[PDB]
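Structural overview for review
Residue-level listing of the chains:
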Amino acid sequence: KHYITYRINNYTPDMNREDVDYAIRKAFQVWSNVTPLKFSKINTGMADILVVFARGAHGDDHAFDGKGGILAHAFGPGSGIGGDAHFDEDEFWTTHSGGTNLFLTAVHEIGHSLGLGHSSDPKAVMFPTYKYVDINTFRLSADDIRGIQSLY
Ligand SMILES: C[C@H](NC(=O)[C@H](C)NC(=O)[C@H](Cc1cc(-c2ccccc2)no1)CP(=O)(O)c1ccc(Br)cc1)C(N)=O
Ligand SMILES: [Ca+2]
Ligand SMILES: [Ca+2]
Ligand SMILES: [Ca+2]
Ligand SMILES: [Zn+2]
Ligand SMILES: [Zn+2]
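Residues numbered from 1 in each chain as written, not as in the entry; some residues may be left out. Chains lettered and ligands numbered in written order. Heavy atoms only, no water.

Per the deposited record, determination of this structure is attributed to X-ray crystallography, with the resolution reported as 1.299 Å.

For the calcium ion (ligand 2), every protein donor is listed as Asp 48 (O), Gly 80 (O), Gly 82 (O) and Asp 84 (OD), and the spread of their distances is 2.3 to 2.4 Å. As a motif over one chain, the donors of the calcium ion (ligand 2) read D-x31-G-x1-G-x1-D. Residue classification places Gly 80 among the exposed positions, given a relative accessible area of 58%. We classify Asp 84 as buried; its relative accessible area is 3%. (Donors = N, O, S within 2.8 Å, 3.2 Å for Na, K, Ca; no water. Buried < 20%, exposed > 50% of the residue type's maximum accessible area, 1.4 Å probe, protein only.)

Distances from the calcium ion (ligand 4) to its protein donors, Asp 14 (OD), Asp 14 (OD), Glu 89 (O), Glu 89 (OE) and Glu 91 (O), fall within 2.4 to 2.6 Å. Binding-site remark: the calcium ion (ligand 4) is held by donors from one chain whose sequence spacing is D-x74-E-x1-E. Of this pair, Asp 14 sits in the loop between strand 1 (3-8) and helix 1 (17-32) while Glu 89 is found in the loop between strand 5 (85-88) and strand 6 (93-94), placing the two residues 75 residues apart along the sequence. On the basis of relative accessible area, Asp 14 is assigned to the partly exposed category, the value being 24%. (Helix = DSSP H or I, 4+ residues; strand = E, 2+ residues; numbered from the N terminus.)

What follows is about the nonpolar core. Judged by nonpolar contacts, the single largest core of 36 residues is most densely connected at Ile 24, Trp 31, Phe 87, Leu 102, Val 107 and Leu 114. Of all elements in the fold, only strand 1, helix 1, strand 3 (49-54), strand 4 (72-74), strand 5 and helix 2 (102-113) reach the threshold of two or more residues within this core. When residues no more than four places from it in sequence are discounted, the contact partners of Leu 114 are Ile 4, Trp 31, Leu 37, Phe 39, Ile 49, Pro 77, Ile 148, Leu 151 and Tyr 152. Listed in part, the 5 residues of the second largest apolar core include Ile 42, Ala 47, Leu 50 and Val 52. (Core = buried A, V, L, I, M, F, W, Y, C linked by side-chain atoms within 4.5 Å. Contact = heavy atoms within 4.5 Å.)

Before going further, it helps to examine the layout of surface pockets. Volume-wise, the largest pocket comes out at about 580 Å³. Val 125, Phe 127, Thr 129, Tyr 130 and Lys 131 are the residues nearest the centre of the largest pocket, which is lined by 26 residues in total. Per element, the largest residue contribution to the lining of the largest pocket is 5 residues, and it comes from helix 2. Considering only enclosed or pocket space, the second largest pocket measures out at about 490 Å³ in volume. In this structure, the second largest pocket is lined by 20 residues; those nearest its centre are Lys 26, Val 30, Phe 103, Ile 135 and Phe 138. Going through the elements one at a time, helix 1 and helix 2 are the ones with two or more residues in the lining of the second largest pocket. Among the residues forming the lining of the second largest pocket, the class breakdown is 11 nonpolar, 6 polar and 3 charged. (1 Å grid on protein atoms, 1.4 Å probe; cavity = no way out; pocket = protein on both sides within 12 Å on 5 of 7 lines; lining within 4 Å. Points joined across faces, edges and corners; volume = space filled by probe spheres on them. Nonpolar A, V, L, I, M, F, W, Y, C, P; charged D, E, K, R; others polar.)

Time to look at the pattern of salt bridges. A full pass over the atoms with the stated rule returns 2 salt bridges. The residue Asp 90 makes a salt bridge to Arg 55 at a minimum N-O spacing of 2.7 Å. Here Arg 55 lies in the loop between strand 3 and strand 4 and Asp 90 lies in the loop between strand 5 and strand 6, a separation of 35 residues in the sequence. What makes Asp 90 partly exposed here is its relative accessible area of 25%. The partner of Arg 146 in a salt bridge is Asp 143, with the nearest N and O atoms 2.9 Å apart. Of this pair, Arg 146 and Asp 143 are both found in helix 3 (residues 142-151), 3 residues apart, which corresponds to roughly one turn of the helix. (Salt bridge = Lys/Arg side-chain N within 4 Å of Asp/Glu carboxyl O.)

Neighbouring ligand 1 are 17 residues, the closest being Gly 69, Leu 71, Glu 109, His 118 and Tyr 130. Contacts to ligand 1 include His 108, whose side-chain N or O atom sits 3.4 Å from an oxygen atom. A distance of 2.8 Å is found between an oxygen atom of ligand 1 and a backbone nitrogen or oxygen belonging to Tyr 130. In this structure the site holding ligand 1 corresponds to the largest pocket. When residues of the shell around ligand 1 are traced back to their parent elements, those giving at least two are strand 4 and helix 2. For the shell around ligand 1, the element with the most residues is helix 2, which contributes 5 residues. Looking at the shell around ligand 1 residue by residue, the classes come out as 9 nonpolar, 7 polar and 1 charged. (Near = heavy atom within 4 Å. Polar contact = N/O pair within 3.5 Å; in protein donor to acceptor, adjacent residues only side chain to side chain. Sits in = over half its atoms within 2 Å of the grid points.)

Spelled out as structure tokens, the structure:
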């Protein structure tokens, strides 16, 4: 199906609540812009993709590892934790270059939420390693486009 819902379960205290909403909205928009996917934000109740901030062990057999290392993870589409995107609260989430940029990380993780694996293109958002790029000139690489359009 092309209609997919999300809910921001909780908000990192690192950031303004409004900035988390915006970063997440823009991350979904990135993928919506290159597919027929329609995303809808839910405030309360059942949603396909939950956006969660948590530290250490947090219920899903994939515990986080403290500051650094693994920044976030996400599960491919399914029931329950399927589709959910988890961000390690031990990171320092930001709208800027400092710490770990939430928008960029969210684009990567939503990619996983939708069923993508990793890319071999070093410029792809789905390359395995986080790298800050200038947010205002950010673009999905042609390989990201191939990946997502193959699924939707
Ligand atoms: C501290 C920071 N760490 C990272 O970038 C690390 C390597 N990457 C991760 O934390 C992966 C998550 C990530 C990648 C990106 C990104 C952003 C922009 C461009 C390219 C990539 N954003 O988040 C972890 P994952 O979701 O792939 C994951 C895979 C397997 C398991 Br099991 C669990 C999770 C760094 N190396 O700068
Ligand atoms: Ca889910
Ligand atoms: Ca970590
Ligand atoms: Ca934090
Ligand atoms: Zn998790
Ligand atoms: Zn990844």
